[PDB]
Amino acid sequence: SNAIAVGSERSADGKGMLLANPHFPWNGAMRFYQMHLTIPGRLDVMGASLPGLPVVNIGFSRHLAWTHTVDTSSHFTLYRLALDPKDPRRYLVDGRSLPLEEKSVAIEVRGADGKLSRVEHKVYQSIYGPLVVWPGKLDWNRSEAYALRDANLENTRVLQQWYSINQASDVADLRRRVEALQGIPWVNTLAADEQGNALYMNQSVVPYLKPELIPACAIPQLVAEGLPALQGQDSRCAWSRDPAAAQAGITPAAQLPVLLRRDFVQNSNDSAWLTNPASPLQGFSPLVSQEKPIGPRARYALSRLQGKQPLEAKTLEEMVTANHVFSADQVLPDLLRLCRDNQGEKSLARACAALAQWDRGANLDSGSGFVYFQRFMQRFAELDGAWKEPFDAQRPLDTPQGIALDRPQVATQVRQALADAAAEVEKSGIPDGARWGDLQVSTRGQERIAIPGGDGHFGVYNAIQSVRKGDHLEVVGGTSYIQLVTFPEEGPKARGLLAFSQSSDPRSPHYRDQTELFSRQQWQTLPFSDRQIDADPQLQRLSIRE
């Protein structure tokens, strides 16, 4: 997901502006749906929501627009259990042997004969939560097991929280409402208001441990690998209680990252750290936010956002619709140098030609160079010390950069990687004349619609994830609900689309209508005022009661 909030110091009109570009599945339980909700006099909000929720999840109102992105904070902890040496179904806390709880569930299964059979399954639970097994990493043997405590199991506040957000007036009010309730499960919140405030909040439900406890309570080897793992044999490693937290054992709102500015804030699923590089967010718990290298989507955004020039709505729109493969900026110049250095090699000819002719985009008309670049990058990712300039904490926006072609070892391995990538592309069906939009599609009935965009890991802001299905790459997730909001005098101006269309049902008039528009990158008005709604020549109305 991407989000950019622009404030009065940087917007072309001196007001607030928000780009909402969540990246989510194109099917299933997290498929966004647009709606506008009004209880005249006290609620008036429009945006998109997840299936089954009677609230707007990402949206806007008279003076406010807000969106979300998945955060890097931990929303659970694993607990390594020290098992009772006499009994692997018992575990030690402060040297005392406790029994695991056994909770049985029964499931009905429809068989080959069409009849139902009952299957009973035992779920083992500790004081922390259920046990979990990852064969070969988190086993349950005679020495140890792992339990999982999910902080959001106790978050009964989630629906109240979005309904409260739906009622928020401005950025200050939004912040109060989110900090008060702490019902946001696992996302950041970014927002802008008419007055020109830009807000970032890493305000979610996060397990709390006091600073002093972390060194002895963490499992060093597992934390090093990014897993929130704690010592489950010591009662002192229970989540800490703070009276200020809305829920026992979660981090109080005062200790979670918030940035309130008048220039910009952004996030593309990295930590709070470089939300705005002019004001780095630092000194938080490792469970909350760490100073880790930013992904290419954020690096791209920051390359467009930093500086003095006013940001227009069009600027933010085009950051999505350009389909720029930003990872190519770090790698492709040197790759092309290697290409020119090896013109005699027939195993590289097709790859090097395609890469040279490539517009560095994931547009419908982008050449096969994108496909070659993808397969190369997948192998490049696996190489050791191949960056000319490795990541520099002092230069977190401009590193890593370039290929260490200096090194004979790197040059060899990079050439081999390109050779291997070229072989894979050519082993596939795709002729070199084929363009990206000939490959990446979304199926609608028996037909296909070409879809622009590419994987977020390649730095395409318009992130689209696809899988091979039949002869094409079938879109599974990515750019979904798009909302670009500004605040001119008359009322909020919202522009966007729902990429996969309103209805998942092939019979619906609204099964592929916006998908055709997404293919052509033609965003539309999201009508909010009664004037806008009434101006729509497709307007239909139904009143219902029972």
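Start at 1 and count along the sequence shown; that's the residue number. C-alpha atoms forming the largest set that superposes within 1.5 Å between two forms make up the rigid core.
Do you reckon 430-438 or 415-423 strays further from the shown form in 8 other deposited structures of this protein, measuring C-alpha RMS after a core fit?
Higher root mean square deviation of C-alphas in 8 other deposited structures of this protein is shown by 430-438.
Tell me which stretch, 458-466 or 379-387, has the higher mean Cα B-factor listed in the entry.
Stretch with the higher mean C-alpha B-factor: 379-387.
Looking only at CA atoms, which has the higher mean B factor in the entry: 201-209 or 111-119?
It is 111-119.
Check the PDB entry and point out which of 181, 148, 418, 238 has the largest C-alpha temperature factor.
Each of 181, 148, 418, 238 was compared by C-alpha B-factor; the highest is 418.
Maximum C-alpha temperature factor per the entry, among 169, 342, 160, 97, belongs to which one?
Across 169, 342, 160, 97, the entry lists the biggest C-alpha B-factor for 342.
Please say which third, lowest, middle or highest, residue 75 falls into when its CA temperature factor is compared across its chain.
CA B-factor rank for residue 75: lowest third.
Test of reading the entry: by CA B factor among the chain's modelled residues, which third contains residue 410?
Top third by C-alpha B-factor.
Where does the C-alpha B-factor of residue 129 rank in its chain, lowest, middle or highest third?
For residue 129, the deposited C-alpha B-factor lands in the lowest third.
According to the PDB entry, is the CA B factor of residue 232 in the bottom, middle or top third of its chain, that is, lowest, middle or highest?
Lowest third of the chain for residue 232's C-alpha B-factor.
Of the three thirds of its chain by CA temperature factor, lowest, middle or highest, which one includes residue 363?
According to the entry, residue 363 has a C-alpha B-factor in the chain's middle third.
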